[PDB]
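Visitor: here goes the first bit of my complex:
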Amino acid sequence: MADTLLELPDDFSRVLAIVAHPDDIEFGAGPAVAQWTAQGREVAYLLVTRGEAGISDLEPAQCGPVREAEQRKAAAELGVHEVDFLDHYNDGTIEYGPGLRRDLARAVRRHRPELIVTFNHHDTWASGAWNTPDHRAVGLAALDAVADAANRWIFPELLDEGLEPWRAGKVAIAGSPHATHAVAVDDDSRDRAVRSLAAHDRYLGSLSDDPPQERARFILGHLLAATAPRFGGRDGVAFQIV
Amino acid sequence: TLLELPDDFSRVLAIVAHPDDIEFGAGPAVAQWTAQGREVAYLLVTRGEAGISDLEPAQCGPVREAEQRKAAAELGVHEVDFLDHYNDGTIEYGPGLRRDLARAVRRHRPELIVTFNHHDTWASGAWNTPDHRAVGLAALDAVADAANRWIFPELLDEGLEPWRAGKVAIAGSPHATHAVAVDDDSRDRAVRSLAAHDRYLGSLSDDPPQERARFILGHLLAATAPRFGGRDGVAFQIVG
């Protein structure tokens, strides 16, 4: 991790966040998303799964629909209107490969993002705990999909689908232990992100008996505060840029 | 500077790709743990049946299974299980391997999992094998899988309740963080354990296997000493 984080250059108006599961975006980047949509930038979400194995007391057939509805409400709190879920992937056993790359390249060509946001694909989390193979798989495939989306002859079936090549400008990896850049966040954007994250009610409920609002405030409080020392005292969300 | 591993575990499961991985990377620690009354079991993905140049794998596998079981017995390890249907040299990382590992984790309920180095390079700097990369990665992944009720739901159908192992210790890691001090009786048991891989070590040189074993482990223990307050020991990278 860099000792001085640079400001993320702000030359983009369309953002596509690609993540494995509901909650990845809120934990990793929600306040930045809030800041971006407050400034009039368009943000869409692509989720590979519904996070249907992520609540110990809800079986997957119950949990998926619940978390989908929670993600859609969280999105609406930030003024994100386009939220799409892939089909046919299973929370916890997402496999990296050409199939996933192609499904993500499809989404990149559909949305024509200037910035793509992913979630930490490294072997370890920001904290140093071991990361999951779902995060590793989706982040890797997303990074790889950038060049795939831009190349006419890779996944030629996409052309038949009516989707012409598109080259995204950069990828920003949220929650990386090798963050290089940061996004400064104001108090209103923070408040909004707290509401967004708090909307994952049953999910947070599975991990704490505290009010959803309170856990969310604490969580995003930590995220932002622990950027400041590397960013000249400013609360912000750190990203690794590629 | 390596920290002494904490002593808050009574059951250990070691998960490795092949026979000899444990005896080369972790044997002296295992000996010390079982001497203290801790229960250790081994799970091996393959029988290392491609690892002896003058025995064909059909003959080799059974020879090395027997060598591994004897090595284990020298350290007081009685539970030794081998998976079926993986091939020495071409183990593939994926959910299938993760599931087999999570099964064993749920069966054994280990508080400590021991793995063998999954990094790109050996402790020495040399290029590591895809078997080791695959099994170590899958075992690290399997901790969360074993703990989650909904991942591999077929495990519940088998009567295997979710279980959360507390820590993973990676042996032979070039990024070690902890170590286990080893007394002389434990060093002796570990030498006998490695030497039980008689045909394996006999294929790599003409020295007697126990002499070779004494050399190899003497080196392993001494390499830890400069970073462990001069105590000889086995180094581990701790995950969790």
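Guide: The structure has been received and is ready for your questions. Residues are numbered from 1 along each chain as shown, chains lettered A, B, ... in the order given.
Visitor: near chain B, which residues of chain A? Just list them.
Guide: Within chain A, the positions lying close to chain B (CB under 8 Å from any CB of the partner chain) are A:52-53, A:56, A:59-60, A:63, A:91-93, A:95, A:129-130, A:132-133. (Each C-beta comes from the backbone N, C-alpha and C, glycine too.)
Visitor: mind listing what's buried along stretch A:150-163?
Guide: Buried residues in stretch A:150-163, counted by 16 or more other CB atoms under 10 Å in any protein chain shown: A:154, A:155, A:158, A:163.
Visitor: isn't the third one up against residue A:107?
Guide: The reference is to residue A:158. No. Assessed by CB atoms under 8 Å, residue A:158 is found out of contact with residue A:107, at 10.6 Å.
Visitor: out of the buried residues of stretch A:150-163, who's nearest chain B?
Guide: Using CB to the nearest CB, residue A:155 comes nearest to chain B of those, at 22.5 Å.
Visitor: that closest one and residue A:104 touch, don't they?
Guide: No. The pair residue A:155 and residue A:104 does not pass the contact test of CB under 8 Å, sitting 10.3 Å apart.
Visitor: between these two, which contacts overlap?
Guide: residue A:148 (CB atoms under 8 Å, 6 or more residues apart in numbering or on different chains).
Visitor: list the contacts of stretch A:152-164.
Guide: A:101, A:102, A:105, A:106, A:109, A:110, A:147, A:148, A:165.
Visitor: phi, psi for the residue located most distally from the centre of chain A please.
Guide: Within chain A, the residue lying farthest from the chain centre (CA atoms, centre = their mean) is residue A:160, at 28.8 Å. Phi and psi for residue A:160, reported as degrees, to the nearest 10, are phi -50, psi -40.
Visitor: one more: residue A:140?
Guide: Dihedral angles (degrees, to the nearest 10) for residue A:140: phi -60, psi -50.
Visitor: what sits against it?
Guide: So residue A:140 contacts A:96, A:121 (CB under 8 Å, 6+ apart).
Visitor: ok so, going back, of the contacts of stretch A:152-164, which is the most crowded?
Guide: residue A:105 (27 neighbours; other CB atoms under 10 Å in any protein chain shown).
Visitor: I'd say that residue and residue A:143 touch.
Guide: No. Using CB under 8 Å, residue A:105 makes no contact with residue A:143, being 11.6 Å away.
Visitor: let me know how buried residue A:99 is, in neighbour terms.
Guide: Neighbours around residue A:99, by other CB under 10 Å: 12.
Visitor: what's the answer for the one 4 residues further on, then?
Guide: Using other CB under 10 Å, residue A:103 has 19 other residues around it.
Visitor: report the contact partners of it.
Guide: Here residue A:103 is in contact with A:48, A:86 (CB under 8 Å, 6+ apart).
Visitor: that one is in what secondary structure piece?
Guide: In this structure, residue A:103 sits in helix A:98-111 according to DSSP states H and E.
Visitor: centre of the chain versus that helix, how much separation?
Guide: 16 Å (CA atoms, centre = their mean, to the nearest Å).
Visitor: what angle separates whichever helix or strand comes after it from helix A:98-111?
Guide: As assigned by DSSP H and E, the chain's next helix or strand after helix A:98-111 is strand A:115-119. Strand A:115-119 and helix A:98-111 are oriented at 140 degrees to each other (axes from the mean of the first three to the mean of the last three CA atoms, to 10 degrees).
Visitor: as chain C, please add this:
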Amino acid sequence: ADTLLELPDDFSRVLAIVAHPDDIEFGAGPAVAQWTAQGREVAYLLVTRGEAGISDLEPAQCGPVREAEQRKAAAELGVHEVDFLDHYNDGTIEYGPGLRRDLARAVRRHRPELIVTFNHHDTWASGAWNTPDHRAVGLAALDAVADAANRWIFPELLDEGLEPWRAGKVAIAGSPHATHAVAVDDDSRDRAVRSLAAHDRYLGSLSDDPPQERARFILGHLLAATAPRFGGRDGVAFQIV
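Guide: Okay, here's chain C dropped in alongside the others:
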């Protein structure tokens, strides 16, 4: 950054294993020209024909063009043996036992003392995100050193008449973590420029500068990146394993 060590002169046979045409020329062309000038035997093995690499040519047109370019480029350097694998697809090369086996088969065929690969790390030397083709091929080539040396991994190779072979060393071109270099003289640089420029349609697709100019700039930049960490000598950097 450490000073780069001179690569030891202890080999006569080299096998370069890469994903695509141009990998060799971009990563290591001036070293190859230096080796062939010194009478070393160099062979190339290409997993694909880089048939998705030219944005106005569909793979069925681009495959044959790039193969001819790659043979022309090799000839500029006095590389005769250029092998292509079949049934991999440019852009979606999959890492695994099957690729390893194909590579081990080449290693046993050629008996190289030094294997040259292209950067398999997640990032290019520049920090830009590497491709899964490069990650896959480099990784499988590094793994194939042991596979080629082991009688029982891929037992079918024995039946094909390929006895085990242990290569000495792998040198990775274009690595962000280089350790050694090969000094390159003016003659070799000039030959490498001609070799890279032979990728005429490919380079013509990437920028609209004359390919000859473009080749000179790219390879000048390669040689100059190494010089300050190599006693001021122009060279090609490698990570040795």
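Visitor: with chain C now part of the structure, what is the answer for the neighbour count of residue A:103?
Guide: 19.
Visitor: residue A:25 now?
Guide: Count around residue A:25 with other CB under 10 Å applied: 29.
Visitor: that one touches residue A:19, doesn't it?
Guide: Yes. If you go by CB under 8 Å, residue A:25 and residue A:19 touch, sitting 5.5 Å apart.
Visitor: up against chain C, what does chain A have?
Guide: Residues of chain A lying near chain C (CB under 8 Å from any CB): A:97-98, A:101, A:143-144, A:146-148, A:151-156, A:171, A:242.
Visitor: tell me which two of the residues you listed sit farthest apart.
Guide: A:156 and A:242 (25.7 Å; CB to CB).
Visitor: mind listing what residue A:137 touches?
Guide: A:20, A:94, A:95, A:96, A:100, A:121.
Visitor: neighbours around residue A:175, how many?
Guide: Neighbour tally, residue A:175, other CB under 10 Å: 25.
Visitor: oh, I was asking about residue A:166
Guide: 16.
Visitor: try residue A:127
Guide: Quick note: residue A:127 (other CB under 10 Å) scores 9 neighbours.
Visitor: next one: residue A:213
Guide: 15.
Visitor: please name the residues that touch it.
Guide: With CB under 8 Å, 6+ apart, residue A:213 has these contacts: A:194, A:195, A:198.
Visitor: again, only using 6 Å
Guide: residue A:198 (CB atoms under 6 Å, 6 or more residues apart in numbering or on different chains).
Visitor: likewise for residue A:117?
Guide: Here residue A:117 is in contact with A:17, A:29, A:172, A:174 (CB under 6 Å, 6+ apart).
Visitor: contacts only, for the third one.
Guide: Looking back up the chat, that one is residue A:172. A:117, A:239, A:241.
Visitor: do that again at 10 Å, thanks
Guide: Residue A:172 is in contact with A:8, A:12, A:15, A:17, A:29, A:32, A:115-118, A:179-181, A:183, A:237-242, counting by CB atoms under 10 Å, 6 or more residues apart in numbering or on different chains.
Visitor: do the second one as well
Guide: If you count contacts by CB under 10 Å, 6+ apart, residue A:29 has them with A:15, A:17, A:19, A:35-36, A:43, A:117-119, A:172-175, A:183, A:193, A:223, A:237-239.
Visitor: now the spatially closest residue to it that is not a sequence neighbour, which residues is it bridged with?
Guide: Distances taken as CB to CB, 6 or more residues apart in numbering or on different chains place residue A:174 nearest to residue A:29, at 4.1 Å, with adjacent residues excluded. Under DSSP bridges, the beta-bridge partners of residue A:174 are residue A:119, residue A:239.
Visitor: gap between residue A:79 and chain C?
Guide: 30 Å (CB to the nearest CB, to the nearest Å).
Visitor: what about residue A:68, how many neighbours?
Guide: Neighbours of residue A:68 using other CB under 10 Å come to 18.
Visitor: quick one: contacts for the residue nearest to it when sequence neighbours are not counted?
Guide: Closest residue to residue A:68 apart from its sequence neighbours, by CB to CB, 6+ apart: residue A:50 at 5.0 Å. Neighbouring residues of residue A:50 by CB under 10 Å, 6+ apart: A:21-22, A:60, A:63-71, A:85-86, A:89-91.
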